[PDB]
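What follows is one structure encoded as structure tokens, with my remarks underneath.
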Amino acid sequence: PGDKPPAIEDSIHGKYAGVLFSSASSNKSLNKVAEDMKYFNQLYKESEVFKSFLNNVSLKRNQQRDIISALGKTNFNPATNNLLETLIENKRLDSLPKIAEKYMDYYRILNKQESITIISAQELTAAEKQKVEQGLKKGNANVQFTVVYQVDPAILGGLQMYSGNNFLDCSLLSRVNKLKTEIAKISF
Amino acid sequence: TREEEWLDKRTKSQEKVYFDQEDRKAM
Amino acid sequence: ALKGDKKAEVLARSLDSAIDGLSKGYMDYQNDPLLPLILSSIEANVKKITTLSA
Amino acid sequence: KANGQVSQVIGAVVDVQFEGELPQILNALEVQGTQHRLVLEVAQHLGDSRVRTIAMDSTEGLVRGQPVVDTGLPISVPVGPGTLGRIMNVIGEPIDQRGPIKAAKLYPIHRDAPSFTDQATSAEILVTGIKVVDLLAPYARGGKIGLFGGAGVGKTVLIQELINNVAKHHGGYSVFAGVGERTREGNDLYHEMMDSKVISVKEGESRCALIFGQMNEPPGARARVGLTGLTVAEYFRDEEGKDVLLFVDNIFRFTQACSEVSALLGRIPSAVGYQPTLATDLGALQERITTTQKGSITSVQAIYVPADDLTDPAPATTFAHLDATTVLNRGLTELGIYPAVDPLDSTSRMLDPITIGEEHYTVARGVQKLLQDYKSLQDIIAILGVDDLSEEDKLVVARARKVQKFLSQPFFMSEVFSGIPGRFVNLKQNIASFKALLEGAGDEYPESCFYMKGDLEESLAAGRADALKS
Amino acid sequence: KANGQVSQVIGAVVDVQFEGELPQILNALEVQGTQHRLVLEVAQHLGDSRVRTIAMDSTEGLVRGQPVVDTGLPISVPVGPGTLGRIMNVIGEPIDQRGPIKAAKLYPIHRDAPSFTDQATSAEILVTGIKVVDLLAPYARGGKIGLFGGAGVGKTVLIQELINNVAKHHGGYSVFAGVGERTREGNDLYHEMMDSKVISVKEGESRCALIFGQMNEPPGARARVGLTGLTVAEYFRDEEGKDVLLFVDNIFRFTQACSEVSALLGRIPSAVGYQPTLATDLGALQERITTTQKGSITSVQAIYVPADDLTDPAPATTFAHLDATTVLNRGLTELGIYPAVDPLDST
Amino acid sequence: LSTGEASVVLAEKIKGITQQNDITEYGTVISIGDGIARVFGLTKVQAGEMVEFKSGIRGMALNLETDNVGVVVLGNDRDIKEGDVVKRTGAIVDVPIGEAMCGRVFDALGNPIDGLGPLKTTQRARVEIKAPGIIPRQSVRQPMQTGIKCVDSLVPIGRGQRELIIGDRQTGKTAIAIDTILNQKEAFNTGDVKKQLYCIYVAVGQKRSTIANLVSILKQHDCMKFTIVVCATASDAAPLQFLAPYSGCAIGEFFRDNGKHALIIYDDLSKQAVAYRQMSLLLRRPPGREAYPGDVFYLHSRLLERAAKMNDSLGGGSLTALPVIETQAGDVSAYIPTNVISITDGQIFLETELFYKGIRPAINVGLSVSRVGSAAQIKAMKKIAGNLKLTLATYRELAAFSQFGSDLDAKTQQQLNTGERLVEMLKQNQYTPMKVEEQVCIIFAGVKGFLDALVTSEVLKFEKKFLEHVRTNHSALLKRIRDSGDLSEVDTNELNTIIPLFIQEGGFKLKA
Amino acid sequence: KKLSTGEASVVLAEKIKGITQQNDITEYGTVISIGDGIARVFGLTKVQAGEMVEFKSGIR
Amino acid sequence: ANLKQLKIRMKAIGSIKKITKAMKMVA
Ligand SMILES: Nc1ncnc2c1ncn2[C@@H]1O[C@H](COP(=O)(O)OP(=O)(O)OP(=O)(O)O)[C@@H](O)[C@H]1O
Ligand SMILES: Nc1ncnc2c1ncn2[C@@H]1O[C@H](COP(=O)(O)OP(=O)(O)O)[C@@H](O)[C@H]1O
Ligand SMILES: Nc1ncnc2c1ncn2[C@@H]1O[C@H](COP(=O)(O)OP(=O)(O)O)[C@@H](O)[C@H]1O
Ligand SMILES: [Mg+2]
Ligand SMILES: [Mg+2]
Ligand SMILES: [Mg+2]
């Protein structure tokens, strides 16, 4: 996709994540690195000893390299192996987890699937929900999506959709306030 | 507390009075 | 209207107008029941006051 | 095709993200999609294909990711006679509403100063019509001139008088660059030049250029609009060997504008918060305003003294570059003397017995020594008075006041304020008038007549008139 | 439930790591496993479920990772007739060894200032008995008063005179708030108040409340002790409706306390080191001390002039909020004139 | 219009109400503290754009960073939490403008705090807009009568200029502004649209109790019908205090662009710099000298530079600014005061010494100055104003010789006494504005030397009695001075003869 | 820490690729940032303090 | 505290003491 990550950031974790995504996406592969960094995230939270290792800063470079090799030399994309070696040289091992997470974000941005959340006060009947799908489907009609439900609003009989980063307000509460305000500013 | 202004006013004041009479004689 | 006493059609019509906006790029309240309900009450007073200049 | 794109917008500083072929520093970038033409001047290369620029217009309305086009050259402004008699913007846009500006070509506002071997410095007296100036601090045609003044001291009105006396009747062209000053004064000057026929709508006339960087403009524009006016003078200088009269309004705003953004640019504040590059940034501008083999530029630039503190780094460094200096004193204004030119602080590189006539130099120092002695007597006079002084000291104080009051000269630009028509004093009459007072020619008449007069003869005739009146 | 965990301890600032449901700003948090219970007010959400808070009591003894419980509400102190004749702490705890305070409700020390519609002038002079004061800068009941003075110029002595002349004969309740002062005066004032019969242990008497934020308290306590006493005064203003005499000892300590902790909170220093939120923080506390349609609060606030520099940002900004001003000059004290009131500076 | 006709148009208007909603990007707050909110994502957001939080309070996106977005909370930030939603409205900050603004009290954002009722307005203008160019402006040639003798005579204010009311605390800075608003009330009653001046009062960092007292005075004198009060109190967030000046300025541009005349009064700007400094410091920006941001000069310059006198092509409107500055110990060499002085045209210096010595309004004419000068004064004023300045100039010099004493020349005794009459004449009480024509008569008697007869302590009471006597018996004379605005020779002879005569008739202390 | 100027995208990208090519790191350097007349050069090892260096254009 | 103002007032007192010291000699 032009070896250009979704966004460019100067943050520590952002810088490495962007360079890895570009370098990874350059030759042929993006999913291989995604699975590698994901493994560190799962291991970073499941194994307690692994967390203390990365957070450890008083450890020597040569010592860190030996421990990293013991973890695994295969099943990790060369981009991931080269990244780790760079962190050890720059003492940025402590920032490993943030880089891992940050990298997945960019990968999730490339993912086309998106989650749409509908907010409604009154309970959505099985038949009513079906009609909602046709409206959202007919609206886009060119991208698949997954729907999620959450009903705890303050509005009444209003609909508010959240689709990743977009918000469209069809709530009746907005209509009520709009009219009550314009009727007051009539300036008769 | 401003003594510089006091000296400045005294200078202009006396000079004006002194030269004011001299102006009469000059005229 | 926010209270009960025949509020069902208000919500039912709102749902229809809601899905209409979702299916479209924007949302406009052309089919909202609040506006006609208010106009009916206002038009009633207009007819009541509009009797004669006297 | 736009290569860059907006990435960061904070205040007046804007960063652009380029894909390849980064633009050189000082290059002009055109942002696409803005309601008004926005130009960005490359200032620093931050690496990773990032560049930090300063916005010339309000950054409100911009959007991250907005495409930016690279021109490949610094900000270019129209030059030539088409700009004469027309107001122009920092980026070259005409804000006078008289239509587009016709220019034979476009020159960049950034260029290297002329070499030293081709400096071709020369000294020539400039009769400005002001007796106090032509005597104590003579001006040199083709040399820098400084007007140091505080807030509301009369430096703006003085510039108008010099234009009324120097700009007109000048074979060559003139340029007026107003940076950082209020816009009200700009509208007044424009209407003044129009009524005075200094500028007109009829083409082939209006031998004077106007450039305005008034306060209404945001930072960065006020720091570079000055270069725009200079480029106009440089064109009239290099292309034509014609003497150019460059009237620069308060320049302290230039160095000030740089400090307004120096912090956001990453620089560490100086002793008084100014940018570390004050000397170099100011030096690049002063070195370019100089006479060369091609043509000469007589630059009249004013320096605003904030809080009447001459120790500020900005003006302190300017003194070294100026040939003639005119320091305005606030004490004189309190006495009513105008122009409030400080006779002791004001200096001129032309004030040399070899450069100017020995008589002119003698009369100059004679007045300075006379006033210096009077200033010392103020201390004793405050306690004892002039009466307790000796006849020798009395005469010194008497003539000193008469000469000091005689320095006041009403000009045409001060008529609205005072109500007395302006007056022009020649150099010969100027040196002769003061030379006579130094010898005691006017010691007999009252000091009241030696006030707001042009020549000594005018004061004597006024004195005799008052006598017959009473 | 102890959803929070101490992340880092830096002097009086302590961070807490929560798993979810972060507390709102200004909410009170209680650390567990430490005698002399510590209260932490939420100040900032640093991100990643980390919140920065200020400590009201000494932080010595805290351990990183120690559990912390979320109350979900800001510091609520008891108010009502029970506080009358009772000494309270910055966190509402009684320090007089008199037993639990009997309060009808617990009001939070964080509240918005009264709106523009609920405001009253109350332009009535308050005769204090001092000729120099009543002559040049006569105080008006229901208005804000300010006593500016340096170290050892007669600020405390002047306050004691006002209490003897005004507070005793006053009909309504009163509130005394000490911020960063010597505890000796608090003890002497309490015993002197009992001896004068102004306050007694018998219920139904002691129409005056006492609050103390003496220097012994660490930063954060001297910065919020004023809000504690103020809440006790707002109760009498709104609920009781009667007149109130809010005696406020030196308040510069409040501004100072904020500055002492501002640097720890990551704020950039001000011109002379103060916090950038000096005006706003002091404004919220000053806008609340005002008379309204419910009741009037005559506030006598002492302002300590640091290094006798009236141009300091802290006292300078205070003048704009005061109605009556009484600047004390040290030059007069040298001459023996007491009260050392500057008639040309007391506006 | 009949009641039925209006009701039908009223119903039809309510019928035609449109409401469109589009997809608006939203972002999450990375952190919130001291009113600063770091937002994640929320890309394609414009600088200064308005954003709304979950609670409903608005925000202004000032810092647009590649990583996050720096937003300022436009209100109380207690309900804000990590991860909350932030919705971008899609419009730059703006405030309501129109004629309905007169007679109400709004906040920095423009919401009415009087509690009377909702604001009935349809026009909204952006708060920050580029100031007029050079051509749209025009020379200031109309007087802005403040009602003060010293100001209308020594420091004339013309509609379209910028005068700085600089002084220390409790020096009469607000008193000058109040007297001006009260003076313009008369011109508002009479049908002279060419002299009506809408007043706008911007309160920045002031206790609500004081602002409440301020509004009551306006209603007491019935001068609130043409006054607009913008309130940005201390409890208000720094951005509100930062935008309140520009907010009120936008309300003035309405009258300016509509050929009308408006007077905007900015309260202490040092409080704005503290809020603007606070707002900048909390954003982690590099501080400048005195901890203030580097572009603090651009702040006030951009604000005050908008006030101008539009040309006749745009309607001939004008906007007059009267910014106020509070000094710590009378030191004008500080950074902020020095900048404001260089931006405004003229400045009114208030001295604490003159205030306590009985000189109220305590005005230091020696330093006060105005660019417009006599160009604004009327014909009858310029003639008398000129000699007045010269006479006062000499008196200030002889002040020192009085201490010297031991002798006094006949003329010096006169000049010394004469100047004392003027100083005693220029004094004026609070909430007592004077008419332009009345000042001409009083100021005329002073320069001519008639006040040298009666005792100084009696000159102030003579002013009241003299003016009252003229209004009753000599009414045509006042009408000529008002309508023509010039002091004709016939009026000079009549005025020169009645002034000495009246002093002899009334019972005064004639012994000089 | 905050960041290191030496952690440029050009230099970090080369590391991830795995190619150990510095183009004669010794006696030669690559400009990483330029500002206020001061340009930082990556590499250029074996350069003495206060020593003269020649740029691509020719300036010293 | 505005060193420029203090240094001016110090200069004034120096002149006063100077002229005051001189008049003593004449006295
Ligand atoms: N010309 C005046 N004549 C008589 N009294 C005056 C005059 N001016 C002010 N006063 C008195 O001074 C007090 C208010 O001063 P004022 O508000 O005018 O100054 P200020 O600088 O605006 O104060 P602040 O900075 O707190 O707003 C009042 O007690 C008022 O009665
Ligand atoms: N020589 C002078 N001639 C005429 N007016 C003057 C003179 N000096 C001062 N003025 C006064 O100075 C003020 C204008 O100051 P100005 O010249 O505009 O300063 P600046 O150059 O900073 O704009 C006017 O009020 C005017 O009364
Ligand atoms: N009315 C007074 N009459 C005579 N002496 C006094 C008077 N008030 C104070 N002194 C002296 O002034 C000193 C300082 O007063 P104080 O109020 O304690 O200042 P501080 O605010 O620093 O506590 C007192 O210790 C006392 O000895
Ligand atoms: Mg000027
Ligand atoms: Mg004390
Ligand atoms: Mg005021």
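So the sequences go chain by chain: A, B, C, D, E, F, G and H. Counting with my numbering, you get residues 1 to 188 for the letters of the first sequence. Counting with my numbering, you get residues 1001 to 1027 for the letters of the second sequence. Counting with my numbering, you get residues 2001 to 2054 for the letters of the third sequence. Counting with my numbering, you get residues 3001 to 3470 for the letters of the fourth sequence. Counting with my numbering, you get residues 4001 to 4347 for the letters of the fifth sequence. Counting with my numbering, you get residues 5001 to 5512 for the letters of the sixth sequence. Counting with my numbering, you get residues 6001 to 6060 for the letters of the seventh sequence. Counting with my numbering, you get residues 7001 to 7027 for the letters of the eighth sequence. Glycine residues also receive a C-beta, built at the ideal position from the N, C-alpha and C atoms.
Asked                                                                                                                                                                  : Found
Could you check the C-alpha separation between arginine 3423 of chain D and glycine 3033 of chain D for me, to the nearest Å?                                          : 55 Å
I want to check one thing, is the minimum distance from the CB of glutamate 3181 of chain D to the heavy atoms of ligand 4 below 7 Å?                                  : yes
Using 8 Å for Cβ pairs, my map puts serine 3049 of chain D next to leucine 3084 of chain D. What's the rounded Cβ distance?                                            : Contact doesn't hold; Cβ gap of about 42 Å is too wide.
Under 8 Å between C-beta atoms, does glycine 5041 of chain F make it to chain A?                                                                                       : yes
How would you list, in chain order, the residues of chain B whose beta-carbon sits under 9 Å from the beta-carbon of residue 5587 of chain F?                          : This structure does not reach residue 5587 of chain F, given that chain F is present from 5001 up to 5512, and the question cannot be answered.
Short of 9 Å Cβ to Cβ, which residues in the stretch 5113-5144 of chain F face chain A?                                                                                : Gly5117, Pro5118, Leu5119, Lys5120, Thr5121 and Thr5122
Could you give the first and the last residue of the continuous alpha helix (DSSP H) run that contains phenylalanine 5444 of chain F?                                  : 5436-5448
Per the DSSP calculation, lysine 4294 of chain E is bridged to which residue(s)?                                                                                       : None, per the DSSP bridge assignment.
If you measure between the beta carbons of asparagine 82 of chain A and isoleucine 6016 of chain G, is that distance less than 8 Å?                                    : yes
I'd like to know if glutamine 3066 of chain D contacts chain A, where contact means its C-beta is closer than 8 Å to some C-beta of that chain.                        : no
Do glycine 3092 of chain D and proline 3078 of chain D have their C-beta atoms within less than 8 Å of each other?                                                     : yes
Keeping to the same chain, check which residues put their C-beta closer than 7 Å to that of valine 3261 of chain D; ignore five residues upstream and five downstream. : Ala3012, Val3013, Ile3054, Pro3219 and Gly3220
Which residue comes first and which comes last in the beta strand (DSSP E) that contains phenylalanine 5040 of chain F?                                                : 5036-5041
At a Cβ threshold of 8 Å, is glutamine 3032 of chain D touching chain G?                                                                                               : no
Determine the chain E residues that contact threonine 5028 of chain F at a beta-carbon separation under 7 Å, and present them in chain order.                          : Those within 7 Å of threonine 5028 of chain F in chain E number zero; the least Cβ separation is about 10 Å.
Can we count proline 4339 of chain E as close to ligand 3, meaning its CB is less than 7 Å from some heavy atom?                                                       : yes
Using alpha carbons as the reference points, say which of D/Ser3076, D/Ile3025 and D/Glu3124 lies closest to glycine 3357 of chain D.                                  : D/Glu3124
Taking only the alpha-carbon atoms, compute the straight-line gap between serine 2041 of chain C and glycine 5016 of chain F and give it to the nearest angstrom.      : 16 Å
Against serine 6009 of chain G, what residues of chain D qualify as contacts under a CB-to-CB distance less than 7 Å, listed in chain order?                           : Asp3048
Does the count of Cβ pairs from the stretch 3319-3333 of chain D and the stretch 3191-3207 of chain D closer than 8 Å reach three?                                     : no
Whose C-alpha, out of D/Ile3303, D/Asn3165, D/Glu3185 and D/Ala3104, is nearest the C-alpha of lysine 3131 of chain D?                                                 : D/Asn3165
CB-CB under 6 Å to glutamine 4293 of chain E, same chain, minus the five flanking residues each way: which ones, in chain order?                                       : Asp4118 and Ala4120
Taking a cut of 7 Å between CB atoms, which residues from the stretch 5285-5303 of chain F lie near chain E?                                                           : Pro5287, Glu5290 and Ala5291
Give the single residue among D/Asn3216, D/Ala3233 and D/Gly3241 whose Cα lies nearest to the Cα of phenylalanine 3247 of chain D.                                     : D/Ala3233
Quick one, are the C-beta atoms of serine 5374 of chain F and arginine 5159 of chain F less than 8 Å apart?                                                            : no
Which residues, in chain order, does the stretch 3014-3031 of chain D contribute to contact with chain G at a C-beta distance below 8 Å?                               : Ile3025
Is it buried or exposed for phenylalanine 188 of chain A, if we count other Cβ within 10 angstroms and need 16 for buried?                                             : exposed
Look up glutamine 4044 of chain E in the DSSP assignment and give the residues it is bridged to.                                                                       : E/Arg4052 and F/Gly5033
Among E/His4110, E/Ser4007 and E/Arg4098, which has the Cα closest to the Cα of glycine 4229 of chain E?                                                               : E/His4110
With DSSP collapsed to three states, give me the class of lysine 32 of chain A.                                                                                        : helix
Taking Cβ positions only, does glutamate 4181 of chain E come closer than 8 Å to chain F?                                                                              : no
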